[PDB]
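In what follows, a structure is listed as structure tokens, so that the remarks can point back to it.
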Amino acid sequence: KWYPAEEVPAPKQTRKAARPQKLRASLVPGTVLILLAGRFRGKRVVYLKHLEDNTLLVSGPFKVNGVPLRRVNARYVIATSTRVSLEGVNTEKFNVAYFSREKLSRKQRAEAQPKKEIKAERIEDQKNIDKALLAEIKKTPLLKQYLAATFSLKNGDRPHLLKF
Amino acid sequence: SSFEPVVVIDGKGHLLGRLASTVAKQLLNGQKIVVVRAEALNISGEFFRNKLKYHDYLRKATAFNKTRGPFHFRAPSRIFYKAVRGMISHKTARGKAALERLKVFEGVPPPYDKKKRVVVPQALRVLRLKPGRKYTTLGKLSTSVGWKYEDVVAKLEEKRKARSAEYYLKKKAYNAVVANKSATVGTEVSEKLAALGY
Amino acid sequence: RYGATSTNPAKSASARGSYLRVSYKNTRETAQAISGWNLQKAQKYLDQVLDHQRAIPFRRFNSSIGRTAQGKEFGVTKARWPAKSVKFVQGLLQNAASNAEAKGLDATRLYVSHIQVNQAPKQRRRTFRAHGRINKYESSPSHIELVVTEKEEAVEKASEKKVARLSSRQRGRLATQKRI
Amino acid sequence: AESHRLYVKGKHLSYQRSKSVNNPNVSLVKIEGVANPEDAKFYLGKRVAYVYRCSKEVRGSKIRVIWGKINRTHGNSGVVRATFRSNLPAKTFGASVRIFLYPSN
Amino acid sequence: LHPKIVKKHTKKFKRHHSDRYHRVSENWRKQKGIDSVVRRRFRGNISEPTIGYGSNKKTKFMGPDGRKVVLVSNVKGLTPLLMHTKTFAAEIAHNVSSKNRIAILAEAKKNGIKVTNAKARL
RNA sequence: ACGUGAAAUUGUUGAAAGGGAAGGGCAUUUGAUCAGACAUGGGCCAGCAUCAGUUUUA
RNA sequence: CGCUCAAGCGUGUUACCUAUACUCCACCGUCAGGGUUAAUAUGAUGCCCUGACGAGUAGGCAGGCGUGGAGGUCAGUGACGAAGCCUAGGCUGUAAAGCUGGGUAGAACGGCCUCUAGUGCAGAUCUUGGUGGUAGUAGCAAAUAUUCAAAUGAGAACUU
RNA sequence: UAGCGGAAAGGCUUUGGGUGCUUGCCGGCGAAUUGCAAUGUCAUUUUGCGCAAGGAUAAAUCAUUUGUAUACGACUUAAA
């Protein structure tokens with residue numbers, strides 16, 4: 001009898017605007033951060049630029065501790081008190097399209113060899129930023145050693161009391 | 001307020017129900033313990049009384065075949081063990097799982113002595129009970145009702161002490177020094193800073 | 001025909017015996033003592049039971065049976081020497097052995113693989129109790145069967161594999177550890 | 001060097017319950033050195049993960065995890081209500097659980 | 001965007017003392033007792049079927065596919081479901097012969113109509 | 001002791017549990033097993049951001 | 001259990017735990033109050049909107065599920081396998097139940113619209129038939145008594 | 001190399017040799033792509049599998065027998 005019509009949902013005109021992010025006051029360009037989650041967990045790093053997909057452009061000089069130019073989510077990071085000046089650094093060319101990528105069909109396996117396929121643009125751009133920051137970092141004592149070491153909780157340390 | 005592989009408590013000066021009241025709670029939290037010197041747990045009341053609140057527990061038992069009736073242990077250790085396996089629903093895995101975490105001795109056996117033990121304030125005849133009352137010293141009690149070792153566990157609890165005195169003294173000289181010198185030596189600049197760093 | 005077996009049919013022999021007038025409870029205890037033994041071992045054991053050296057352990061059907069010292073072999077107190085139960089089972093083994101000889105199988109490797117004894121239709125017969133009451137007096141006959149097999153080595157081995165699966169970030173963990 | 005711990009230790013105490021009846025959808029969690037409600041409010045809305053091992057290898061590993069989070073405080077002794085993606089075994093009463101530091105401020 | 005199905009109560013309503021006594025089957029039957037606790041609803045006992053457990057009107061008589069099943073015994077019985085592939089799935093009967101399944105399954109796959117069974121013996 | 005050959009009830013093999021009974025309801029975990037649209041040229045499980053409805057805590 | 005400036009008795013001041021109760025949202029059903037084929041495909045019994053309520057023995061009414069036969073209709077299904085039976089396989093319905101994979105087996109049987117009844121069982125010290133635990137247990141003890149060889153026979157405490 | 005420790009000692013100091021690292025203070029190379037988080041697997045038990053070194057070379061039951069025992073088991077004796 002009925003056998004429903006194969007017409008379709010065509011949905012109501014929604015009312016949800018895309019307003020920009022309001023970041024917390026602790027994060028300001030130049031601030032040292034502690035990475036909580038991910039591959040480089042508990043690794044001290046440097047904040048550079050706010051990107052336009054609500055992520056943080058983060059270096060933490062590759063020559064010091066081996067952490068490259070990388071995206072980071074703001075909720076999975078701590079903001080410490082220390083800062084460094086970024087007046088002799090560019091960070092204009094970097095955008096969301098800079099970190100674009102072709103996800104590969106798919107594929108796996110035998111040795112899905114992989115020590116390959118890094119751009120010369122990415123290697124040279126790493127050298128320019130690291131050279132500017134190291135001149136700034138060598139002003140204050142014991143900062144180069146601070147970024148090298150990792151963060152780990154001790155017996156007695158209660159996170160709710162600490163300042164960071 | 002921190003977790004450890006084990007926690008050794010030194011009864012003495014400690015009451016009973018109030019101590020037992022804690023020793024238990026813990027367990028229900030995958031902890032551990034190992035009371036000692038039980039032969040020194042204090043109990044509110046005038047010696048006499050108590051012994052009555054006992055001679056009555058001792059006159060409670062099956063009628064048609066004791067053997068299977070309430071087993072009245074005499075030795076202390078087990079006592080401060082009863083006042084507990086009664087504060088726990090000890091008829092459900094969880095219960096057991098809890099008692100296996102425990103252990104109580106009257107005296108101080110090896111697998112410890114060489115370890116630091118602690119007290120549990122909220123329960124020390126001196127922070128509670130008012131001054132001018134009367135408290136019974138377990139052991140002594142037990143005796144008058146069984147337990148034939150209130151003279152052995154005493155002849156030993158000595159072969160120990162006597163020594164602990166030595167270990168000490170030796171632990172002053174070495175320290176009466178490791179402190180002496182930290183007096184001159186670079187006790188400078190590096191402090192005029194660390195003294196502030198704090 | 002034949003109960004739930006799980007062995008090679010080509011290297012096997014069998015023998016049945018339906019509507020036998022023996023105790024169903026006693027024949028079960030004889031058929032479980034013999035089970036899992038070598039064929040030549042068994043025929044000597046059943047002869048020793050008749051002459052009172054060895055004994056049959058009564059495990060399941062054993063209420064109000066007396067104790068005996070011969071039961072210590074198996075680790076059970078109660079045991080008996082059922083004559084009539086053994087003579088029927090001893091007969092079926094000699095039939096099953098001759099069946100294997102016809103096929104051309106080795107006697108030394110031959111062992112009892114499967115054995116079973118379920119109930120039969122009961123023969124009915126009456127008695128006279130007090131105050132003119134008639135009760136039954138029935139028999140409990142048996143349906144015996146057994147299977148013998150050429151015993152051999154190398155039974156599993158076996159079996160499963162994997163065809164593995166893991167994520168990209170989980171794959172990436174292996175890449176670094178091979179380098180270091 | 002020695003320690004690599006980026007989480008706070010804790011213990012799964014019990015379910016939300018009355019005298020007799022209980023509710024296994026909400027769990028109660030203890031935290032190290034948290035004696036008040038005011039101190040425990042630091043740990044609200046933080047991710048929590050129970051860890052346990054197995055014999056069989058499911059997906060190239062012998063460790064399985066049940067994710068969850070903290071909702072609100074419970075009582076006047078720093079005890080915390082906690083929800084999980086799937087509820088916990090009940091044998092886990094008095095077992096270790098990891099309180100992470102993300103969704104941070 | 002099709003509404004996601006929620007079954008409310010997936011566990012089967014068994015009759016009281018179905019496992020206890022053999023003669024009492026597992027088909028549901030209301031207790032008409034006076035001492036009975038299942039009728040009066042006591043804490044820690046079996047549930048009873050009630051209108052509150054009923055499914056949503058948007059997604060009633062739909063499987064995991066989101067399709068209402070129709071029973072088919074022949075090729076001429078497939079002609080109601082020609083322009084209704086997304087809404088109505090098919091299922092071939094138990095009494096149909098082996099060769100006649102191949103006749104229905106051939107012309108079913110032409111029009112793009114999903115059959116629940118078949119599979120098809122093989 | 002002959003078409004089909006159900007249940008009570010029994011034997012064998014396989015799997016599981018068992019400290020004064022078993023057997024149920026709510027919720028997980030582990031062990032087993034099972035449905036369901038990534039096929040064309042060669043959906044399931046989460047994370048962050050800005051909003052709406054109801055609340056809580058400084 | 002244990003408790004003694006209490007974990008006791010009288011009184012005050014705050015926090016906190018918690019019912020199927022109260023507030024808010026999702027879905028189900030029942031009842032009421034409306035709006036609409038003005039050609040405008042598919043059920044006017046339709047297709048939508050808004051608001052309230054939900055315990056229940058004895059009892060009454062309503063709407064459905066199944067069993068055996070009768071009239072109609074799908075030119076329904078079937079020896080290339082109908083009915084029945086077994087299945088820690090699957091899907092739908094709140095449920096009564098229905099549909100379907102695998103095995104066994106070998107002649108008939110289903111859906112939809114109506115008619116009709118010897119039409120649904122757990123109880124009745126229910127009726128007839130079958131089988132358990134109890135249990136290889138109770139027991140097979142009154143009339144004085146049996147023993148040794150030989151023969152027959154597959155086999156002899158019991159026959160000659 | 002020395003000694004201490006019987007309460008459940010199964011652990012504590014201790015002479016000396018040999019062999020690494022040393023963030024006590026300065027240097028020079030390396031890490032990227034696990035792609036914006038997904039415990040990201042670093043413990044500790046048992047266990048029997050084959051290796052290859054070192055080491056040793058038995059008893060108890062049943063049947064028979066006894067009466068200091070004995071409902072039947074058990075117990076007590078003897079026997080190359």
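Starting from 1 in every chain, residues are counted up; chains themselves are A, B, ... following the order of the structure tokens, and ligands are numbered from 1 as listed.
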Quick one: everything within 10 Å of segment 118-120 of chain G, counting only C-alpha atoms (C1' of nucleotides), minus sequence neighbours fewer than 6 positions away in the same chain. Send it as a ChimeraX atom specification. /G:66-68
Using the selection just defined, write its residues with N, CA and C atoms (P, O5', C5', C4', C3', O3' and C1' of nucleotides) as a PDB file, in the first residue's frame.
ATOM      1  P     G G  66      -0.624 -15.572  14.257  1.00  0.00           P
ATOM      2  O5'   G G  66      -1.018 -16.861  15.110  1.00  0.00           O
ATOM      3  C5'   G G  66      -0.211 -18.055  15.068  1.00  0.00           C
ATOM      4  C4'   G G  66      -0.596 -19.024  16.165  1.00  0.00           C
ATOM      5  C3'   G G  66      -1.488 -20.182  15.752  1.00  0.00           C
ATOM      6  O3'   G G  66      -0.740 -21.208  15.104  1.00  0.00           O
ATOM      7  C1'   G G  66      -2.290 -19.256  17.773  1.00  0.00           C
ATOM      8  P     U G  67      -1.392 -22.069  13.916  1.00  0.00           P
ATOM      9  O5'   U G  67      -2.398 -23.037  14.685  1.00  0.00           O
ATOM     10  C5'   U G  67      -1.907 -24.080  15.550  1.00  0.00           C
ATOM     11  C4'   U G  67      -3.035 -24.978  16.008  1.00  0.00           C
ATOM     12  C3'   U G  67      -3.947 -25.529  14.924  1.00  0.00           C
ATOM     13  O3'   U G  67      -3.354 -26.637  14.251  1.00  0.00           O
ATOM     14  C1'   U G  67      -5.255 -24.752  16.735  1.00  0.00           C
ATOM     15  P     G G  68      -3.798 -27.011  12.755  1.00  0.00           P
ATOM     16  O5'   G G  68      -5.263 -27.606  12.952  1.00  0.00           O
ATOM     17  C5'   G G  68      -5.461 -28.941  13.458  1.00  0.00           C
ATOM     18  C4'   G G  68      -6.921 -29.327  13.397  1.00  0.00           C
ATOM     19  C3'   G G  68      -7.591 -29.227  12.036  1.00  0.00           C
ATOM     20  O3'   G G  68      -7.261 -30.314  11.175  1.00  0.00           O
ATOM     21  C1'   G G  68      -9.025 -28.340  13.691  1.00  0.00           C
TER      22        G G  68
END
Please extract the residues of chain E with a backbone DSSP assignment of helix (DSSP H, G or I) and present them as an NGL selection string. :E and (37-40 or 51-53 or 76-81 or 98-111)
Selection export as a compact mmCIF listing (two decimals), in the first residue's frame, atoms kept: N, CA, C and O atoms:
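Written output follows (out.txt):
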# COMPACT_ATOMS: atom_id res chain seq x y z
N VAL E 37 5.36 -13.04 43.58
CA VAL E 37 6.19 -11.82 43.68
C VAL E 37 6.45 -11.15 42.32
O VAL E 37 6.77 -9.96 42.28
N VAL E 38 6.32 -11.91 41.23
CA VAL E 38 6.54 -11.38 39.87
C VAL E 38 5.42 -10.42 39.47
O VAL E 38 5.68 -9.40 38.83
N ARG E 39 4.18 -10.75 39.85
CA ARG E 39 3.02 -9.87 39.63
C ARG E 39 3.14 -8.56 40.41
O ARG E 39 2.93 -7.48 39.86
N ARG E 40 3.47 -8.67 41.70
CA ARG E 40 3.52 -7.52 42.60
C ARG E 40 4.78 -6.64 42.47
O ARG E 40 4.83 -5.56 43.05
N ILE E 51 4.07 -1.74 27.78
CA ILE E 51 3.99 -0.86 26.60
C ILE E 51 5.10 0.20 26.53
O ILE E 51 5.44 0.67 25.44
N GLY E 52 5.66 0.58 27.68
CA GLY E 52 6.81 1.49 27.74
C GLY E 52 8.08 1.02 27.04
O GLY E 52 8.88 1.84 26.60
N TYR E 53 8.25 -0.30 26.92
CA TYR E 53 9.38 -0.89 26.19
C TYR E 53 9.26 -0.85 24.65
O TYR E 53 10.20 -1.25 23.96
N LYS E 76 7.46 -13.55 -9.87
CA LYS E 76 6.33 -12.61 -9.97
C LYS E 76 6.07 -11.85 -8.66
O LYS E 76 5.53 -10.74 -8.69
N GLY E 77 6.44 -12.44 -7.52
CA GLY E 77 6.36 -11.78 -6.22
C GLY E 77 7.41 -10.71 -5.93
O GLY E 77 7.39 -10.12 -4.85
N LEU E 78 8.33 -10.48 -6.86
CA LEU E 78 9.38 -9.45 -6.73
C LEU E 78 8.93 -8.08 -7.28
O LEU E 78 9.61 -7.07 -7.06
N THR E 79 7.80 -8.03 -7.99
CA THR E 79 7.35 -6.83 -8.71
C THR E 79 6.80 -5.67 -7.84
O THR E 79 6.66 -4.56 -8.36
N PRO E 80 6.46 -5.92 -6.56
CA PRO E 80 6.20 -4.77 -5.67
C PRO E 80 7.45 -3.96 -5.26
O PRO E 80 7.32 -2.78 -4.94
N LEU E 81 8.63 -4.59 -5.28
CA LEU E 81 9.86 -4.00 -4.72
C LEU E 81 10.84 -3.48 -5.78
O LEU E 81 12.06 -3.51 -5.57
N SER E 98 15.86 -25.87 -4.99
CA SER E 98 17.23 -25.39 -5.17
C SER E 98 17.45 -24.62 -6.48
O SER E 98 18.09 -23.57 -6.48
N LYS E 99 16.91 -25.15 -7.58
CA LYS E 99 17.05 -24.51 -8.90
C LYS E 99 16.24 -23.21 -9.05
O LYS E 99 16.67 -22.30 -9.77
N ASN E 100 15.09 -23.14 -8.38
CA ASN E 100 14.25 -21.93 -8.42
C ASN E 100 14.82 -20.74 -7.63
O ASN E 100 14.42 -19.60 -7.88
N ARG E 101 15.73 -21.00 -6.69
CA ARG E 101 16.47 -19.94 -5.99
C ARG E 101 17.40 -19.18 -6.94
O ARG E 101 17.53 -17.96 -6.84
N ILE E 102 18.03 -19.91 -7.86
CA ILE E 102 18.91 -19.32 -8.88
C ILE E 102 18.11 -18.43 -9.85
O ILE E 102 18.63 -17.41 -10.33
N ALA E 103 16.87 -18.81 -10.13
CA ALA E 103 15.96 -18.00 -10.96
C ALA E 103 15.60 -16.66 -10.32
O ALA E 103 15.58 -15.63 -11.00
N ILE E 104 15.32 -16.68 -9.01
CA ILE E 104 14.96 -15.46 -8.27
C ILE E 104 16.19 -14.59 -8.00
O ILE E 104 16.14 -13.38 -8.19
N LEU E 105 17.29 -15.22 -7.56
CA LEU E 105 18.55 -14.51 -7.27
C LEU E 105 19.18 -13.82 -8.50
O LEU E 105 19.89 -12.83 -8.34
N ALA E 106 18.93 -14.36 -9.69
CA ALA E 106 19.43 -13.77 -10.94
C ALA E 106 18.75 -12.43 -11.23
O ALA E 106 19.43 -11.41 -11.39
N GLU E 107 17.42 -12.45 -11.31
CA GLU E 107 16.63 -11.24 -11.59
C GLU E 107 16.54 -10.27 -10.40
O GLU E 107 16.20 -9.10 -10.60
N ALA E 108 16.82 -10.75 -9.19
CA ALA E 108 16.91 -9.87 -8.01
C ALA E 108 18.14 -8.96 -8.06
O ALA E 108 18.05 -7.78 -7.71
N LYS E 109 19.26 -9.52 -8.51
CA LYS E 109 20.52 -8.76 -8.61
C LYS E 109 20.55 -7.76 -9.78
O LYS E 109 21.35 -6.83 -9.78
N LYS E 110 19.68 -7.96 -10.78
CA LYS E 110 19.54 -7.01 -11.89
C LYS E 110 19.05 -5.64 -11.42
O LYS E 110 19.68 -4.61 -11.72
N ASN E 111 17.95 -5.63 -10.68
CA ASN E 111 17.30 -4.39 -10.23
C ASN E 111 17.96 -3.75 -9.00
O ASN E 111 17.63 -2.61 -8.65
If we count only C-alpha atoms (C1' of nucleotides) and set the cut-off at 6 Å, which residues sit around segment 65-69 of chain A, ignoring sequence neighbours fewer than 5 positions away in its own chain? Please answer as a count of residues only. 6
Output as a ChimeraX atom specification all residues of chain B that backbone DSSP marks as strand (DSSP E or B). /B:9-10,35-36,42-44,104,118,135-137
Per-residue nearest contacts of chain E to chain F (7 Å; only C-alpha atoms (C1' of nucleotides)) as JSON lines:
{"residue": "E:20", "atom": "CA", "partner": "F:23", "partner_atom": "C1'", "distance": 6.6}
{"residue": "E:44", "atom": "CA", "partner": "F:25", "partner_atom": "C1'", "distance": 5.0}
{"residue": "E:45", "atom": "CA", "partner": "F:25", "partner_atom": "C1'", "distance": 5.0}
{"residue": "E:46", "atom": "CA", "partner": "F:25", "partner_atom": "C1'", "distance": 5.7}
{"residue": "E:64", "atom": "CA", "partner": "F:36", "partner_atom": "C1'", "distance": 5.8}
{"residue": "E:65", "atom": "CA", "partner": "F:36", "partner_atom": "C1'", "distance": 6.7}
When the cut-off is 8 Å and we count only C-alpha atoms, which residues of chain C are near chain D, given as a PyMOL selection string? chain C and resi 164-166
Compile a residue-level contact table for chain C against chain H at a cut-off of 6 Å, reporting for every qualifying residue the shortest atom pair and its distance in Å to one decimal, with only C-alpha atoms (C1' of nucleotides) counted, rows ordered by chain and ascending number, as JSON lines.
{"residue": "C:66", "atom": "CA", "partner": "H:72", "partner_atom": "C1'", "distance": 5.8}
{"residue": "C:67", "atom": "CA", "partner": "H:73", "partner_atom": "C1'", "distance": 5.2}
{"residue": "C:68", "atom": "CA", "partner": "H:73", "partner_atom": "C1'", "distance": 5.9}
{"residue": "C:169", "atom": "CA", "partner": "H:34", "partner_atom": "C1'", "distance": 4.1}
{"residue": "C:172", "atom": "CA", "partner": "H:34", "partner_atom": "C1'", "distance": 4.6}
List every residue of chain A that has an atom at most 8 Å from any atom of chain G, and for each one report the closest atom pair and its distance in Å to one decimal, counting only C-alpha atoms (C1' of nucleotides), with rows sorted by chain and then by increasing residue number, as a Markdown table.
| residue | atom | partner | partner_atom | distance |
| --- | --- | --- | --- | --- |
| A:1 | CA | G:42 | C1' | 5.9 |
| A:2 | CA | G:42 | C1' | 5.1 |
| A:3 | CA | G:42 | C1' | 7.1 |
Of the candidates D:29, D:63, D:48, D:34, which one gets nearest to residue 84 of chain D if we count only C-alpha atoms? D:48
Give me, as an MDAnalysis selection string, the residues of chain B touching chain G, with the criterion being at most 10 Å (counting only C-alpha atoms (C1' of nucleotides)). chainID B and resid 16:18 20:21 44:45 82:88 128:131 133:134
Write out, as a PDB file, in the first residue's frame, the residues just selected, with N, CA and C atoms.
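Dumped to result01.pdb:
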ATOM      1  N   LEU B  16      43.033   0.330  70.354  1.00  0.00           N
ATOM      2  CA  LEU B  16      42.697  -0.927  69.693  1.00  0.00           C
ATOM      3  C   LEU B  16      41.634  -0.732  68.608  1.00  0.00           C
ATOM      4  N   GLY B  17      40.394  -0.478  69.014  1.00  0.00           N
ATOM      5  CA  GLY B  17      39.305  -0.335  68.060  1.00  0.00           C
ATOM      6  C   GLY B  17      39.576   0.801  67.096  1.00  0.00           C
ATOM      7  N   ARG B  18      40.168   1.871  67.613  1.00  0.00           N
ATOM      8  CA  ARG B  18      40.449   3.050  66.807  1.00  0.00           C
ATOM      9  C   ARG B  18      41.588   2.791  65.829  1.00  0.00           C
ATOM     10  N   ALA B  20      42.460  -0.490  64.900  1.00  0.00           N
ATOM     11  CA  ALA B  20      41.805  -1.499  64.082  1.00  0.00           C
ATOM     12  C   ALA B  20      40.823  -0.839  63.121  1.00  0.00           C
ATOM     13  N   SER B  21      40.289   0.306  63.529  1.00  0.00           N
ATOM     14  CA  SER B  21      39.302   1.020  62.730  1.00  0.00           C
ATOM     15  C   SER B  21      39.920   1.565  61.446  1.00  0.00           C
ATOM     16  N   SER B  44      41.096   1.225  76.669  1.00  0.00           N
ATOM     17  CA  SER B  44      40.395   2.037  77.651  1.00  0.00           C
ATOM     18  C   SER B  44      39.713   1.138  78.672  1.00  0.00           C
ATOM     19  N   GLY B  45      39.558   1.643  79.891  1.00  0.00           N
ATOM     20  CA  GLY B  45      38.935   0.875  80.961  1.00  0.00           C
ATOM     21  C   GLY B  45      39.943   0.457  82.014  1.00  0.00           C
ATOM     22  N   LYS B  82      41.093 -10.089  65.545  1.00  0.00           N
ATOM     23  CA  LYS B  82      39.664 -10.344  65.641  1.00  0.00           C
ATOM     24  C   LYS B  82      38.899  -9.034  65.512  1.00  0.00           C
ATOM     25  N   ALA B  83      39.302  -8.050  66.309  1.00  0.00           N
ATOM     26  CA  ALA B  83      38.665  -6.741  66.303  1.00  0.00           C
ATOM     27  C   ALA B  83      38.650  -6.147  64.900  1.00  0.00           C
ATOM     28  N   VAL B  84      39.083  -6.931  63.920  1.00  0.00           N
ATOM     29  CA  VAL B  84      39.170  -6.446  62.545  1.00  0.00           C
ATOM     30  C   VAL B  84      38.346  -7.333  61.612  1.00  0.00           C
ATOM     31  N   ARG B  85      38.716  -8.606  61.513  1.00  0.00           N
ATOM     32  CA  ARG B  85      37.991  -9.538  60.661  1.00  0.00           C
ATOM     33  C   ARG B  85      36.521  -9.555  61.062  1.00  0.00           C
ATOM     34  N   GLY B  86      36.134  -8.558  61.851  1.00  0.00           N
ATOM     35  CA  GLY B  86      34.741  -8.357  62.225  1.00  0.00           C
ATOM     36  C   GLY B  86      34.257  -7.018  61.703  1.00  0.00           C
ATOM     37  N   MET B  87      35.207  -6.153  61.362  1.00  0.00           N
ATOM     38  CA  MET B  87      34.898  -4.853  60.784  1.00  0.00           C
ATOM     39  C   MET B  87      34.886  -4.952  59.263  1.00  0.00           C
ATOM     40  N   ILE B  88      34.960  -6.176  58.753  1.00  0.00           N
ATOM     41  CA  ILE B  88      34.991  -6.408  57.311  1.00  0.00           C
ATOM     42  C   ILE B  88      33.976  -7.490  56.950  1.00  0.00           C
ATOM     43  N   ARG B 128      44.484  11.030  72.788  1.00  0.00           N
ATOM     44  CA  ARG B 128      43.078  10.812  73.104  1.00  0.00           C
ATOM     45  C   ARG B 128      42.874  10.792  74.615  1.00  0.00           C
ATOM     46  N   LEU B 129      42.350   9.684  75.128  1.00  0.00           N
ATOM     47  CA  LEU B 129      42.110   9.553  76.560  1.00  0.00           C
ATOM     48  C   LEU B 129      42.563  10.800  77.308  1.00  0.00           C
ATOM     49  N   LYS B 130      41.772  11.222  78.290  1.00  0.00           N
ATOM     50  CA  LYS B 130      42.167  12.327  79.154  1.00  0.00           C
ATOM     51  C   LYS B 130      43.139  11.832  80.215  1.00  0.00           C
ATOM     52  N   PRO B 131      43.897  12.758  80.816  1.00  0.00           N
ATOM     53  CA  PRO B 131      44.865  12.426  81.853  1.00  0.00           C
ATOM     54  C   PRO B 131      44.197  12.207  83.207  1.00  0.00           C
ATOM     55  N   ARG B 133      42.741   8.840  83.702  1.00  0.00           N
ATOM     56  CA  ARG B 133      41.901   7.677  83.453  1.00  0.00           C
ATOM     57  C   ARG B 133      42.666   6.387  83.727  1.00  0.00           C
ATOM     58  N   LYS B 134      42.165   5.283  83.184  1.00  0.00           N
ATOM     59  CA  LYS B 134      42.795   3.983  83.377  1.00  0.00           C
ATOM     60  C   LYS B 134      42.735   3.159  82.097  1.00  0.00           C
TER      61      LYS B 134
END
Each residue of chain A with at least one atom at most 9 Å from chain D should appear once, together with its nearest atom pair and the corresponding distance in Å (one decimal); atoms considered: only C-alpha atoms; ordering: chain, then increasing residue number; output as CSV.
residue,atom,partner,partner_atom,distance
A:24,CA,D:105,CA,8.0
A:26,CA,D:105,CA,8.4
A:36,CA,D:102,CA,6.8
A:37,CA,D:102,CA,7.7
A:41,CA,D:6,CA,8.3
A:42,CA,D:6,CA,7.2
A:74,CA,D:104,CA,8.4
A:75,CA,D:103,CA,4.9
A:76,CA,D:102,CA,5.0
A:77,CA,D:104,CA,6.7
A:78,CA,D:104,CA,6.7
A:79,CA,D:105,CA,8.1
A:150,CA,D:1,CA,8.5
A:151,CA,D:4,CA,7.9
A:152,CA,D:4,CA,5.4
A:153,CA,D:5,CA,5.7
A:154,CA,D:3,CA,7.2
A:156,CA,D:33,CA,8.9
A:158,CA,D:33,CA,7.2
A:159,CA,D:8,CA,8.3
A:160,CA,D:42,CA,6.0
A:161,CA,D:39,CA,8.6
